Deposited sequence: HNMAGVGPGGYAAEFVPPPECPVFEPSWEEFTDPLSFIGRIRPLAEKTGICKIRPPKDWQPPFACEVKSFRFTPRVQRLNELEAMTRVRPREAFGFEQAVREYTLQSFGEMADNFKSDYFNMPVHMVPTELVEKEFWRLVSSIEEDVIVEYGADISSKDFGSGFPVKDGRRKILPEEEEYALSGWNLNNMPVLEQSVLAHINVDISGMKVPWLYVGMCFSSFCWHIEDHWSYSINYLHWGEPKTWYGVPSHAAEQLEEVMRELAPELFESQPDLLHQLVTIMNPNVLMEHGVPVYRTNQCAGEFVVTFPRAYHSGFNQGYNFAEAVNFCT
């Protein structure tokens, strides 16, 4: 049987008034969004920050990802441009059609088939170990390292600029993700059970799955039961390097799971102790940071 898509997580389209303060808005949506673990936030139509990374010098060596590495129980340097050419060529060749014509439901169905396939070994690459300190943030930042036009200053000062989120807990910079088709991140929660906010600067959508915090123990129970026994006794911080699991398996065991396709220009917020995972539909560029309330 083919993959059954989970129900859609909440999507919010705040007015310009509601968009004034992120923490205030997230606090207001909390009664609903914390019951779904993840939610999507569409900024007002005219809110479009520029892309502010140093594209000329952007170079990275992505990690290699074997989709079926659990069921089965190298390095290339790219620029942003050459990675995008590799990514589009991979997807268009795999589906035998232009990249933008591949339905999101098909990539989703094919991704989870490949994760459990023993007869087909598909290998992709993910630019996932990129700090915003290396080549700059995707958002404009008034740090003097790169020019900012007057029309872009409001985005350098915006509270939705991930560089302006509060990160100090009572008793940290954004990270970048250059994705291709089938590149993925497995089930995990954040350190200190922190919130996280994620912005897709451009490219094809990023598909998400989320579990509300009230079902965190249920997920971890299903994991220890079905995860490889060799990795059963591993600490959570190490096990969550390989906590790959089909969302339908969690749903069969009574774990509530919600999905969304995060498109370019949209935010995804993960709530405290909300397990989440996902994959990229194609060539895209995301920025993420953990924040405190």
Chain regions without C-alpha coordinates, deposited sequence numbering: 1 to 12, 86 to 98, 197 to 208
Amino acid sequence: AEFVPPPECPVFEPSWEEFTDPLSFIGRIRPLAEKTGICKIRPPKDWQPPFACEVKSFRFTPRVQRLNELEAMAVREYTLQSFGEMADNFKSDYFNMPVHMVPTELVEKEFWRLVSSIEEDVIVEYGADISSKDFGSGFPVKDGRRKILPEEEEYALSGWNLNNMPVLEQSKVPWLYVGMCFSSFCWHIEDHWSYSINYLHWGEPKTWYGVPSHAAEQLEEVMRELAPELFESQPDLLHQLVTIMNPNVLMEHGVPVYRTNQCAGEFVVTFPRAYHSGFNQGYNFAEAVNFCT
From here on, numbers count along this sequence of modelled residues.
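The term rigid core refers to the maximal set of C-alpha atoms that superpose within 1.5 Å between the two forms.
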Comparing 123 to 131 and 209 to 217 where Cα RMS over structures and residues is taken in 9 other deposited structures of this protein (core fit), larger one: 123 to 131
Which of 82 to 90 and 203 to 211 has higher mean CA B factor, as the PDB entry lists it: 82 to 90
Between the two ranges 258 to 266 and 22 to 30, the one averaging a larger CA B factor in the entry: 22 to 30
Residue with maximal Cα B-factor (values as given in the PDB entry) among 106, 123, 219, 72: 72
Largest Cα B-factor, entry values, listed residues 150, 127, 138, 98: 150
Ranked against its chain, the third holding the CA B-factor of residue 145: highest
Chain-wide C-alpha B factor ranking for residue 161, given as lowest, middle or highest third: middle
Ranked against its chain, the third holding the CA B-factor of residue 279: lowest
Relative C-alpha B-factor of residue 102, binned into the chain's lowest, middle or highest third: middle
For residue 37, the third of its chain into which the C-alpha B factor falls: lowest
